[PDB]
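S.K.: One structure follows; several queries about it will come next.
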Amino acid sequence: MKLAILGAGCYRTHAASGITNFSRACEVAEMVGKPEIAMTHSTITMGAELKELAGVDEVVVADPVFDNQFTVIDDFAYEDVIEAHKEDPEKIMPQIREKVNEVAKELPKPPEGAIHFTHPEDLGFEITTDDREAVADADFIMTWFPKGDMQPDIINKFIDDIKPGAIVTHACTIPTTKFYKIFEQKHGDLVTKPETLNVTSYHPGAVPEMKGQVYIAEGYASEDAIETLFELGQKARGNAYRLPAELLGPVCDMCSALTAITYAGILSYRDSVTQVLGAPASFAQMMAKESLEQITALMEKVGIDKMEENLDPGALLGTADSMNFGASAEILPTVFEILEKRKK
Amino acid sequence: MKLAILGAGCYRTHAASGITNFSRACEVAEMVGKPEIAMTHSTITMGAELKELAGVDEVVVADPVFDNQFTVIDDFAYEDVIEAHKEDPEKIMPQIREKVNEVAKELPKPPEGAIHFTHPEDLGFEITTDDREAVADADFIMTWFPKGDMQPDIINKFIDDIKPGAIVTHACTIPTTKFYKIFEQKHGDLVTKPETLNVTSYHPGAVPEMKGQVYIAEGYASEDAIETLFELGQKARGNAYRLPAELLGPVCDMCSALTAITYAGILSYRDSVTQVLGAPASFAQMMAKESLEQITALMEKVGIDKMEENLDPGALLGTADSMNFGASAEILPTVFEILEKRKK
Amino acid sequence: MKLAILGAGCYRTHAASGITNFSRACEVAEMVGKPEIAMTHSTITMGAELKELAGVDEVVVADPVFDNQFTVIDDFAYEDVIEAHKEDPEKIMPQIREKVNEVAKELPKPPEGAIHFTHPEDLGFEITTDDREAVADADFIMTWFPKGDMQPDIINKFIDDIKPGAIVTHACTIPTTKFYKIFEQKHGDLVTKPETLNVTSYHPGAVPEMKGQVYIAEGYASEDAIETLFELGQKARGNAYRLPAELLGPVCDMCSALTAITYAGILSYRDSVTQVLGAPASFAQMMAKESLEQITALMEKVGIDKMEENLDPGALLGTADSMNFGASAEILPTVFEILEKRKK
Amino acid sequence: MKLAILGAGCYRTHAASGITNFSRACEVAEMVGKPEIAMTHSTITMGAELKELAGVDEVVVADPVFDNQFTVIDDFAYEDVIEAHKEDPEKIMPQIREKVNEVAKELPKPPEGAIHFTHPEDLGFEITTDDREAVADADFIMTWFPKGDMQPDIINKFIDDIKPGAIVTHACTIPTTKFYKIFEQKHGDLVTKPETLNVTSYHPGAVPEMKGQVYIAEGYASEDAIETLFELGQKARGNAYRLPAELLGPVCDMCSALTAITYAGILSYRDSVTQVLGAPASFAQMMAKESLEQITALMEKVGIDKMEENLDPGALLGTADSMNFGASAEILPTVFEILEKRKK
Amino acid sequence: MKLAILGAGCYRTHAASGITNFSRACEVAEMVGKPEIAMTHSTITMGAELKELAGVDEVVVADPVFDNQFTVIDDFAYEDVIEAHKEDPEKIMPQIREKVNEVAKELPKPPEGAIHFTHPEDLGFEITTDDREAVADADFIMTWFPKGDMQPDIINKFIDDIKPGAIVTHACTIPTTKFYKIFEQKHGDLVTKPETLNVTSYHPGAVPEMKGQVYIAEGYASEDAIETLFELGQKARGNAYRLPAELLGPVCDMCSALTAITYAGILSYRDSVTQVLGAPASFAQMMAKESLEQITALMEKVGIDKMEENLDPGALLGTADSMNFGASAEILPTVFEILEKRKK
């Protein structure tokens, strides 16, 4: 198949964050014996994986930046980075960040400037400034566009050139629904033919060069399209996750921590009710729904910063302790230390 | 297993309707060589099926009416009814209705009176006036209670006597949700133990003696409980249907016709979009959702009797004709004759 | 009155669709003895109708394309097309499509290029590149803008130049609500004066040159404005439909087929309940609401492509058959063939 | 036609209120030359009006109280009350209240006791203890039942005896929707035939003997049924109002004052926007919707007693003053005195 | 602290409205002995107040217009305007409007043209064309941007240059929620750091030079940030109002009149119920909620222009009169004159 990456991306924001590395990129480079992969970042790493590990036959990277100031840093040798990542990334990352940060002081933001460490061409990739040429014959188009009102306009330029049934994906810069609306149009006429694209996501849930993982939004694409991408991503990224499009944010955004906590609570609570009390899962759900809707409603009603003034954390210590059995007992003791500490 | 039927029911309303027969009851009676089944009705027929065809070991029929005026009509011989149903039920049904209607003129309504044609005892069934005794050791309790505020009070008397994990079912007299709330309680304390019952439905979707079919509401019971009842009902009734509890009304109530029409429309429309246009099913759903929500909203906004004044049926002839392809072409020509006839 | 058409449109997409003709445009041309109308398309046809058949005194066509590559094809004589449309449009349409398609291969998309067959000037129309000049003194402004984020920006340039109380319309490229928000502003101050425009639609529900019909969205404009346009459109297009703004999509979009089916179902079902059962229309509505809300909810809950796994089409055959009377009997037999074919 | 009143009612609560009179009852009695009408109350007055002024041929009053302690007070002569009401009801009402209050100290509440001043029989009415006998052949059934869970059970006893198409009404003791559900049933089967009744209201919006007015809930009954009752009530009560069932509470309950204020505001505000600003009524509605939804949301969010802490009444004086023109200027000056007085 | 005003604004629309003056600007100028303030307008007045009366140390005005045609009118002497505003603004405002209107005939709209009367530099302000330079080190950024899709793009250029914890405000051109979304981003990754800004409003609720008042939207910023701005605005504008972000529109938009009316109604109605009837405020709220939701629902259901056809204004006169006591009696008599006049 033909993969058309639209957006090479820039490492400035990764280096600026001060908390990333090339652990995955390195791991891949060592697996396939191509040192140049070690310092690839963003879609280049993901493209590297799909070509080298998933068997994607043709890769094309499209980005206006290639004609603009596409900056490649040759200061760090690939092998040094690989060997440093083998024991402790921090033996070379602070040095890497300062150079990127220095380059980024004057360098314009994308698409006028991009900080990379590997030339896509070296990975056998075809580079292009124009997106239409890239999407031509592409079975899988991977978008890595900027956050903003430009994604619909960026897309409209190559939408007619998209092959029927192609898998089109988005990443952390845009919600699935919003992205899907650009391609599929509700209002029209007999003349305007609906698109037939399989819209999904190829969301890293982190900087692709640091972690090997992908999140694939379900609900807009054919199941075959989801299976095809799921199988590609499982091979390319190592850890692929299929999930409803509505949960992509909850799981990949800064709220991930609360979704995690809450989900553990729900699953634990449910199991204590079905396995210890023996009640049907429908009773556990009715109870769960009560908790969730009300505590969320309270946070909306008075504000997340005024909950304690309305519901003292201590009020739950006197009642929840009786439900401390089954799976819930794996999480309640911790939860109680937190409410003990916050009680009025 | 032990089956505890709570409510024998009465044939007055069936005879009064003027449109029912004993076709199923007859079909069963002939299958098992027990003529007495031919004129059984309501739960007696269903119990007859479960004992004779599903292998239910113990059947108990509980109804206060047994101590009251439980009337059995011996005017029609079982074989005559069977032979009449073999070619045309109407050769004996008009005669049957008049006798039931005559008996029903003075006879009190249940639980003070009940019109039957077969003595449950003859089918090997245990009869009881008290429900607690009946539900004792019952693996499957089949409720056939009257429509009204009495179902919670009728139930509260034997709820503590219900065996853990028992399958409790309801029929056309009450919605699943409403019925489920009687057993499972949201508000309580450590002292009040939640019930562990598998609440579902054993809804005939007609008078049990006329049609062999059952509707089993999903979402409140364990999947095992649904499978067990599904397998019993498939054997006992012949045609069993598993469906979400929310659709039990839509499918079994007087609205069945509109659900049917609409569902065919949705499935046809979807197929024309996925198979002819090639668009993803998500696009078909987005379009469908548009139609359904808006036409329903219009009916609510101006009233089902004032739609034509606001949306002329003719307005759709000029636009829908272009979508007349694929599966939709099996239903649009008919649909067009109806809008042609109703256009302003 | 003065009509200001903003957007001449382009025939490429019509020709590309492979399913359109000039039947209406021809019919008009023959009615008014002006052959040039036969090959007009989009707003030119509609403007032709309003000037020639509705008595609109002054027509102005505004489009940046006139200064750009506005391409007119002189390959087909008007009379040939008229005579061909008199018996079978397909005797000349395939030939017409290939030429348009060939012209459209290199020609840029609007507003840089437009494929027409008649010079607006020949119809007595005033052509302009600038919209402000066009809307000046316009009693009726007919927008035919592109689908996208540009409509608000296109509009803002001439909004102050719009005459108070003018009728402003939109077509298939934008929803009424969205379009209305561009003109009328909710947030402001004493200084910002609310607009007084009569926002509606002049939606062809097809390519204007093929069908004579218009859809006029109600709810945003004065009733006088709706009556004025309704009377113009009835004369100009032949078949004008007044309808709530919320139904414009449902009726004119690809969902038209399902709205049609559903509406017939509702009207048929209602009539069987009020005319055969005698129940009040309020009972029919309560039942209808049950059907619609639940079947729509099911499609949303599990997905339009997974309904059968949850509600077997066959489940409705056993129940709906009893409601097969009255108006509903005109649609149920067909509906049953569809569910018979799809039953699990 | 035949009118079946179900519930005679009791005057204790009227006398206890300390604020009622017999002004209407008196006015009727004088109009028809029947002094006995002067001291009738509740449904007896309304029945008196329908028989004497609307031409209702047969009146039947059904109430279990007739067999129980139905108390009639002969202490006040009809003519004295009429003459007293001719100039000032308070010349005899305080005396009337004390006697009723004294009688009501020991007398049981209905249906065991009822305080009246006129024997229904004297008005030519047929009195009955049993409701089934009363509703037989009744074209118009007027329910005057107690507030509570008993209305469905009271109704179920005579529902089968109700004539098809009969007009069934309720008063201040029950909401229309709730009342309608008792008669019309959503869940059933082919056997259970839907009711065909025309459910509405004959709501006095006060004690019938004090004011001549009726409120008739629309949306559940046939338009003919509403017209028939509207025409009866206009003749019988003098001031009849047809209105959507949803507004019966808003208009007749203690909230009437706020509905009144608000409605005047909406109508005034709308007129200033359409008549002075010239904006379309759709703009006035968009603005109105903003106001109403938000101020209501604020009251729900913080509580009606904490609004000032969140939105100072004074905040609106600085902004609303600019909108003080047109119809709104009839209500804003007053409204400003109230906000001036309440500003923080 | 450092104040960075982004947008100087233009007086054309103020002069065009025909209903504004410089009363506040004058009042300030006289208070601080700086005549030049008298004819300042928009943010210049507000900046003048914050520097002169609130003690803001550094003011910066950023606007692309300064490099473009920034027009200053020297035709009216400051003192003449001050003396004219001392007794009657209309002795000089008509003359001022005509000159501004004449200048505005050819002058381009902002940011290409701006009509002012005082050079910001004279007030000690730093003027700049570039926003990034202005926001640098700004503790309080005051946005005065145009209404439209440009605010997010205008903002994105200086967002990274914004100091952590800065107070960012918007005015009548944009809703708080919409404005807040530009800065705070829900979707992202570990790399994209959430903003830490205190988003609020500095909404004049009129032209700043006419009235001394500000509205500060609560719910998005820290309470400290709201207190800081509240205290600045109270000193600078004289009348500052803290209110939930949801009410900013309701209170400052053209709907202000209806919010005012309604709010007075709610507060009056509540007080009659709690103070006269003695019922709890929860009962008043339940009643209020009934009124508001239903009357709003009716306006949505049939349209603000068709309410009378469905609910006759007269219907409330017969019922509300009984609730005419307590605080409500301050508003009901007026309200009754309006319903008397509009009754069918």
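Lettering and numbering for the structure tokens are positional, with chains as A, B, ... in the shown order, residues counted from 1 in each chain, and ligands counted from 1 in the shown order.
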Mind dumping a table of every chain C residue within 6 Å of chain A, with the nearest atom pair and its distance in Å to one decimal, using only C-alpha atoms, sorted by chain and rising number, as a tab-separated table?
M.R.:
```
residue	atom	partner	partner_atom	distance
C:14	CA	A:191	CA	5.6
C:17	CA	A:191	CA	5.3
C:172	CA	A:188	CA	5.5
C:253	CA	A:188	CA	5.6
```
S.K.: Could you give me, as a PyMOL selection string, the residues within 8 Å of segment 5-9 of chain D, counting only C-alpha atoms and dropping anything in the same chain fewer than 4 positions from it?
M.R.: chain D and resi 42-44+47+59-63+110+114+131+134+141-145
S.K.: Residues near residue 210 of chain B, anyone? I mean within 10 Å using only C-alpha atoms, not counting same-chain ones fewer than 4 positions away, as a PyMOL selection string.
M.R.: chain B and resi 19-27+41-42+45+204+206
S.K.: I need the residues from that last selection saved to file as a PDB file, in the first residue's frame (with C-alpha atoms), if you can.
M.R.:
```
ATOM      1  CA  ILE B  19     -60.086 -11.227  16.625  1.00  0.00           C
ATOM      2  CA  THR B  20     -58.347 -14.124  18.373  1.00  0.00           C
ATOM      3  CA  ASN B  21     -58.105 -17.916  18.089  1.00  0.00           C
ATOM      4  CA  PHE B  22     -56.402 -20.994  19.633  1.00  0.00           C
ATOM      5  CA  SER B  23     -54.159 -21.776  16.666  1.00  0.00           C
ATOM      6  CA  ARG B  24     -50.944 -22.114  18.751  1.00  0.00           C
ATOM      7  CA  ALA B  25     -52.597 -23.860  21.703  1.00  0.00           C
ATOM      8  CA  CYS B  26     -54.120 -26.318  19.178  1.00  0.00           C
ATOM      9  CA  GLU B  27     -50.776 -26.787  17.376  1.00  0.00           C
ATOM     10  CA  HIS B  41     -55.138 -19.605  27.172  1.00  0.00           C
ATOM     11  CA  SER B  42     -52.726 -16.982  28.489  1.00  0.00           C
ATOM     12  CA  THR B  45     -50.749 -22.245  27.313  1.00  0.00           C
ATOM     13  CA  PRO B 204     -46.117 -12.993  23.940  1.00  0.00           C
ATOM     14  CA  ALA B 206     -50.176 -11.435  21.215  1.00  0.00           C
TER      15      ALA B 206
END
```
S.K.: Which of segment 230-292 of chain B end up as strand (DSSP E or B) when DSSP is run on this backbone - answer as a PyMOL selection string?
M.R.: chain B and resi 240-244
S.K.: Could you turn the residues from that selection into a file that holds C-alpha atoms, as a short mmCIF file (atom, residue, chain, number, x, y, z; two decimals), in the first residue's frame?
M.R.:
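Once written, result-v9.cif looks like this:
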```cif
data_model
loop_
_atom_site.label_atom_id
_atom_site.label_comp_id
_atom_site.auth_asym_id
_atom_site.auth_seq_id
_atom_site.Cartn_x
_atom_site.Cartn_y
_atom_site.Cartn_z
CA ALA B 240 -38.34 -16.25 20.61
CA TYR B 241 -36.84 -12.78 20.16
CA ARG B 242 -34.04 -11.27 22.32
CA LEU B 243 -34.11 -7.50 22.32
CA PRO B 244 -33.15 -4.43 24.35
#
```
S.K.: Write out as a PyMOL selection string the set of residues from segment 137-339 of chain A that DSSP, computed on the backbone, places in helix (DSSP H, G or I).
M.R.: chain A and resi 150-156+159-161+176-183+223-237+245-252+256-277+281-302+304-310+313-323+326-330+332-339
S.K.: Could the residues in this selection be saved with C-alpha atoms as a compact mmCIF listing (two decimals), in the first residue's frame?
M.R.:
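Just written: result09.txt:
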```
# COMPACT_ATOMS: atom_id res chain seq x y z
CA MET A 150 -6.67 25.83 8.90
CA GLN A 151 -7.28 22.05 8.87
CA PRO A 152 -10.48 22.30 6.76
CA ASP A 153 -8.78 24.64 4.25
CA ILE A 154 -5.58 22.52 4.23
CA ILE A 155 -7.74 19.45 3.55
CA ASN A 156 -10.09 20.97 0.87
CA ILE A 159 -9.93 16.08 -0.87
CA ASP A 160 -10.98 15.50 -4.55
CA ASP A 161 -7.63 13.85 -5.21
CA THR A 176 -12.36 13.03 15.49
CA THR A 177 -15.85 14.50 14.98
CA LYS A 178 -14.46 17.85 13.91
CA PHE A 179 -11.98 16.13 11.52
CA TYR A 180 -14.66 13.76 10.11
CA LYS A 181 -16.96 16.74 9.22
CA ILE A 182 -14.30 18.18 6.91
CA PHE A 183 -14.49 15.09 4.67
CA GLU A 223 -14.65 -2.25 10.46
CA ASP A 224 -12.25 -3.55 7.71
CA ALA A 225 -10.56 -0.15 7.64
CA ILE A 226 -10.20 -0.28 11.47
CA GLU A 227 -8.86 -3.87 11.35
CA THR A 228 -6.36 -2.98 8.58
CA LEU A 229 -5.03 0.02 10.51
CA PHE A 230 -5.20 -1.82 13.82
CA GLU A 231 -3.01 -4.61 12.37
CA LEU A 232 -0.61 -2.02 10.76
CA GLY A 233 -0.33 -0.01 14.01
CA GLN A 234 0.07 -3.12 16.18
CA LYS A 235 3.13 -4.03 13.99
CA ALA A 236 4.44 -0.47 13.52
CA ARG A 237 3.88 1.03 17.01
CA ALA A 245 -14.05 8.15 18.84
CA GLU A 246 -15.70 9.81 21.93
CA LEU A 247 -13.02 8.40 24.25
CA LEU A 248 -9.99 9.51 22.24
CA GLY A 249 -9.91 12.83 24.10
CA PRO A 250 -10.75 11.41 27.53
CA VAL A 251 -7.92 8.85 27.12
CA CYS A 252 -5.26 10.92 25.23
CA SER A 256 -6.30 10.93 31.00
CA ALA A 257 -5.48 10.78 34.75
CA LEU A 258 -9.04 11.33 35.83
CA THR A 259 -10.43 8.94 33.18
CA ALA A 260 -7.97 6.34 34.46
CA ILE A 261 -8.91 6.83 38.13
CA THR A 262 -12.61 6.86 37.38
CA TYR A 263 -12.53 3.85 35.09
CA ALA A 264 -10.63 1.82 37.76
CA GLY A 265 -13.28 2.91 40.26
CA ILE A 266 -16.16 1.85 37.99
CA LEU A 267 -14.59 -1.55 37.16
CA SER A 268 -13.62 -2.18 40.85
CA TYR A 269 -17.05 -1.02 42.20
CA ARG A 270 -18.85 -3.14 39.59
CA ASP A 271 -16.90 -6.23 40.47
CA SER A 272 -17.55 -5.85 44.22
CA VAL A 273 -21.27 -5.61 43.50
CA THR A 274 -21.45 -8.53 41.00
CA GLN A 275 -18.92 -10.83 42.68
CA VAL A 276 -19.45 -10.13 46.38
CA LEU A 277 -23.07 -8.94 46.64
CA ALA A 281 -24.43 -5.86 36.61
CA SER A 282 -27.59 -3.79 35.78
CA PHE A 283 -27.86 -2.90 39.53
CA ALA A 284 -24.14 -2.00 39.62
CA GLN A 285 -24.75 0.25 36.57
CA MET A 286 -27.80 1.93 38.11
CA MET A 287 -25.76 2.65 41.25
CA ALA A 288 -22.72 3.77 39.20
CA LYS A 289 -24.83 6.08 37.04
CA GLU A 290 -26.15 7.67 40.30
CA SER A 291 -22.64 8.40 41.58
CA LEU A 292 -21.12 9.67 38.38
CA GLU A 293 -24.02 11.90 37.22
CA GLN A 294 -24.42 13.50 40.62
CA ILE A 295 -20.77 14.13 41.49
CA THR A 296 -20.25 15.54 37.95
CA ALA A 297 -23.42 17.69 38.31
CA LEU A 298 -22.11 19.03 41.65
CA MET A 299 -18.76 20.03 40.08
CA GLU A 300 -20.67 21.84 37.29
CA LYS A 301 -23.18 23.48 39.70
CA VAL A 302 -20.72 25.01 42.23
CA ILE A 304 -14.51 22.12 40.77
CA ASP A 305 -12.81 24.54 43.25
CA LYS A 306 -15.88 24.81 45.59
CA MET A 307 -16.89 21.17 45.99
CA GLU A 308 -15.53 20.79 49.51
CA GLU A 309 -17.65 23.76 50.73
CA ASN A 310 -20.75 21.81 49.51
CA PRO A 313 -14.73 14.83 51.69
CA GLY A 314 -15.29 13.40 55.21
CA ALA A 315 -19.00 12.75 54.53
CA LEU A 316 -18.00 9.70 52.43
CA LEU A 317 -15.80 8.12 55.05
CA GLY A 318 -18.78 7.32 57.26
CA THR A 319 -20.73 5.63 54.45
CA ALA A 320 -18.31 4.17 51.84
CA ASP A 321 -16.38 2.10 54.47
CA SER A 322 -19.29 -0.41 54.47
CA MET A 323 -18.83 -1.02 50.71
CA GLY A 326 -14.29 -7.24 46.76
CA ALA A 327 -12.42 -5.53 43.93
CA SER A 328 -13.29 -2.07 45.52
CA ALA A 329 -11.02 -2.93 48.51
CA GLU A 330 -8.00 -2.62 46.15
CA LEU A 332 -10.84 2.23 48.77
CA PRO A 333 -8.00 2.28 51.41
CA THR A 334 -6.00 4.72 49.22
CA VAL A 335 -9.19 6.73 48.45
CA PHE A 336 -9.86 6.95 52.22
CA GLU A 337 -6.40 8.42 52.99
CA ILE A 338 -7.22 11.16 50.47
CA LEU A 339 -10.62 11.94 51.97
```
S.K.: Under the rule that only C-alpha atoms are counted, which of B:90, B:340, B:126, B:75 is the nearest residue to residue 103 of chain B?
M.R.: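 Of B:90, B:340, B:126, B:75, the one nearest residue 103 of chain B is B:75, counting only C-alpha atoms.
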S.K.: Identify, on the basis of only C-alpha atoms, every residue whose closest approach to residue 102 of chain C does not exceed 12 Å; exclude the query and any residue fewer than 4 positions from it along the same chain; express the result as a PyMOL selection string.
M.R.: chain C and resi 12+15-16+73+95-98+106-107+115
S.K.: I'd like the interatomic distance between atom CA of residue 238 of chain C and atom CA of residue 163 of chain C, to a tenth of an Å.
M.R.: 27.7 Å
